[PDB]
Structures are given as C-alpha cells and as structure tokens.
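Asks: Below is the sequence, then the experimental coordinates.
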Amino acid sequence: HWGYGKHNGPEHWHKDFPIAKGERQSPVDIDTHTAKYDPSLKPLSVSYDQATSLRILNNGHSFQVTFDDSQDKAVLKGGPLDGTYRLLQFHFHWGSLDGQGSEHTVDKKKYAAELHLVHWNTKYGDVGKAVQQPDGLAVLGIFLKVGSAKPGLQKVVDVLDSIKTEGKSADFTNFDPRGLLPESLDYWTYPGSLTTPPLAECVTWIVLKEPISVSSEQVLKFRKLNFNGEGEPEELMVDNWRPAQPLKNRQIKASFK
Ligand SMILES: [N]S(=O)(=O)[C][C]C1234B567B89%10B%11%12%13B85%14B%1158B%12%11%15B%139%12B%1061B%12%112C5%153B%14874
Ligand SMILES: [Zn+2]
C-alpha cells in the first residue's frame, strides 16, 4: 500500500508502521553547528575492491543495484562501527526538480538526490535478522548535487530504460561502486532507522559531508522511471524521499573539525 503520494506517502506510514513516530527515526536535518566533532571516531573503512554486483531492479520505490552478500567481498568497517558490515545494495532518492530529493538535509539544505549504500552486520548472519537489532545496519549516505557528470554513475543511468516500471530487473554485473564515492570520507553519524517501511530502528547512519556532482542528464534519467507497473497509469518515480524527522534525544557526531 505505501508509497510517496498524497494518500499513501510518509504522513500515512505510521498507520501500518507505528514506529514511524519513534525515538530514532531517519532521515534528520544535520545542523552542522550543533554536530559535535568527536576525535574518538575512526576513519571509515570502505573495502569495495571485490564487490560483485548482481542485478539492477525497479521495485516501485526506487531502483537498486544488488550485490553478492554471501561473503565479505564489499564491507564497511571502522568509523563509528563495531565489526564488519556487508554491502547488500545501493539505491537512490531523488526529486522532481533539483531543489529537493535528498532525505537528510544539511542546515535545512536539500540536495537533488541521495545515494544509500546499505550494509548489514555480519554478526547477525542475514539482513532480516539484522533489521531486528539496534546495530544491525550501517547505511552510507552520499548527497548528489547537479553540475558535472559523475562518470562512474553512467553505467547505471544507461540501463534505467530497461527497468522502467515496477517489477522490471536486469543483469548488472561488474559494476564498481567505488566510482560513486566523493574524495573525502569525512562524515556525520547518528543512530536512526530505515527511511522506508518497515522504518525499523536498526541503522547506524554515516552521511558523508562531501556531495558528488552528477549531471542534469543523469538525474533526468532517474526521473523517467515509473512508480507504476507496466500497463498501469504512468506516474513518474520522483520525490521518493521521506522528509526530516524529529531528532529527539540524539546527538549527531562529526568525524572532522
Ligand atoms: N532508505 S534506506 O533506509 O536505506 C532503507 C532501504 C531498505 B534496503 B533493506 B530492505 B532493502 B528494503 B527494506 B530494508 B533496507 B529497507 C528497504 B531496502
Ligand atoms: Zn534509502
């Protein structure tokens, strides 16, 4: 039932998922002046050299690129994390226009899109078990602004015409997610949640300070996707972002001064 429209969007989700009004919901606004520099935070360790992408999929809420998470081939460690987190998939959230699309905001600024690289804690064995734990997932969030093209995104862009409508997938092997990362791994971190149903409070969020630039042509291809299935009335997959939620009793920590 849930989606991003008037009648099934974020303001409705608490009816099926009451944790929507919980104590550690995501995304949030990152108030940069209030975030505390924490000299105890480690550099983030991103080890993607042996990543194995499998498929690209439109599931009616975003598109995702899925990885082989049956071994420690593409792992996130360090930073605020204890232990080792396997990359399951990445996906994006984006807007109908360049002034909205991100889920996190920075001093209330919205970016055109936000990339989420979703990882789960190997100590829980599988993602389903991990989503039931407060330290089950680590999502690496990367902002997208519109300017110069991101060359490492183009292979993704170019196959979106083959997964237009909900329920389409395609082979998507040999994709290297290192080509989506900004120079700096400086980050903010806080305890939060999945930003889509089931909104489980299982995520350590790691949001990079440095956005990547993508071109207008690249983001326009995102906007040609459809929320609908083939044969149903065409509804552009745009504005698939949850707004900032109350910070409540949480501290955002910065890895950098
Ligand atoms: N937007 S997000 O918080 O990164 C949650 C995205 C997910 B990945 B795992 B299941 B797969 B399905 B559910 B679980 B995580 B939530 C949706 B996607
Ligand atoms: Zn997401």
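Replies: Good, I have the coordinates. Residues are numbered from 1 along each chain as shown. Ligands and ions are numbered 1, 2, ... in the order given.
Asks: How much space separates residue 245 from residue 194?
Replies: From residue 245 over to residue 194 the distance is 12 Å, taken as Cβ to Cβ, to the nearest Å. In short, each C-beta sits where N, CA and C put it, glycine included.
Asks: Could you tell me which residues touch both of these two?
Replies: Shared contacts of residue 245 and residue 194, defined by Cβ atoms under 8 Å, 6 or more residues apart in numbering, are found at residue 26.
Asks: Close to ligand 1: what parts of the stretch 51-200 of the chain are there?
Replies: Contact residues, the stretch 51-200 of the chain versus ligand 1 (Cβ under 6 Å from any ligand atom): 116, 118, 139, 194-196.
Asks: Let's have the residues you listed in a markdown table, adding neighbour count.
Replies: Conversion of these to a markdown table gives the following (neighbours: other Cβ atoms under 10 Å):
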| residue | neighbour count |
| --- | --- |
| 116 | 25 |
| 118 | 24 |
| 139 | 25 |
| 194 | 22 |
| 195 | 23 |
| 196 | 21 |
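Asks: And the helices in this protein, which stretches?
Replies: 127-130, 154-157, 216-222 (DSSP state H).
Asks: name the helices or strands packed onto the longest one?
Replies: Spelled out, it's helix 216-222. The contact analysis (3 or more Cβ pairs under 8 Å, 6 or more residues apart in numbering; DSSP states H and E) places helix 216-222 against strand 85-94, strand 137-146, helix 154-157.
Asks: again, only this time at 7 Å
Replies: Other elements packing on helix 216-222 under the criterion 3 or more Cβ pairs under 7 Å, 6 or more residues apart in numbering; DSSP states H and E are strand 85-94.
Asks: List the buried residues in the strand it packs on.
Replies: 85-94 (16 or more other Cβ atoms under 10 Å).
Asks: which residues touch that strand?
Replies: Here strand 85-94 makes contact (Cβ atoms under 7 Å, 6 or more residues apart in numbering) with 51, 62-67, 69, 72, 74-77, 101-103, 112-122, 127, 138, 177, 219, 222, 238, 240-241.
Asks: how far out from the middle of the chain is that strand?
Replies: 5 Å (Cα atoms, centre = their mean, to the nearest Å).
Asks: Put together TSV for the residues of the stretch 51-200 of the chain next to ligand 1, with distance to residue 185 on each row.
Replies: As requested, those are arranged in TSV below (distance: Cβ to Cβ, whole Å):
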residue	distance to residue 185
116	16
118	17
139	15
194	23
195	21
196	25
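Asks: Please narrow these to those residing in strands.
Replies: Counting by DSSP state E, those place 116, 118, 139 in strands.
Asks: nearest to residue 19, of the residues you listed?
Replies: Distance ranking of these against residue 19, using Cβ to Cβ, places residue 139 first at 16.5 Å.
Asks: Tell me who's in contact with the closest one.
Replies: 116-118, 203, 205.
Asks: so it bridges to which residues?
Replies: Note on residue 139: beta-bridge partners by DSSP bridges are residue 118, residue 205.
Asks: Now do the same contact list for the closest residue to residue 136 other than its chain neighbours.
Replies: Once flanking residues are discounted, residue 136 sits nearest to residue 130: 3.4 Å by Cβ to Cβ, 6 or more residues apart in numbering. For residue 130, the contacting residues are 120-121, 124, 136-137, 202, by Cβ under 7 Å, 6+ apart.
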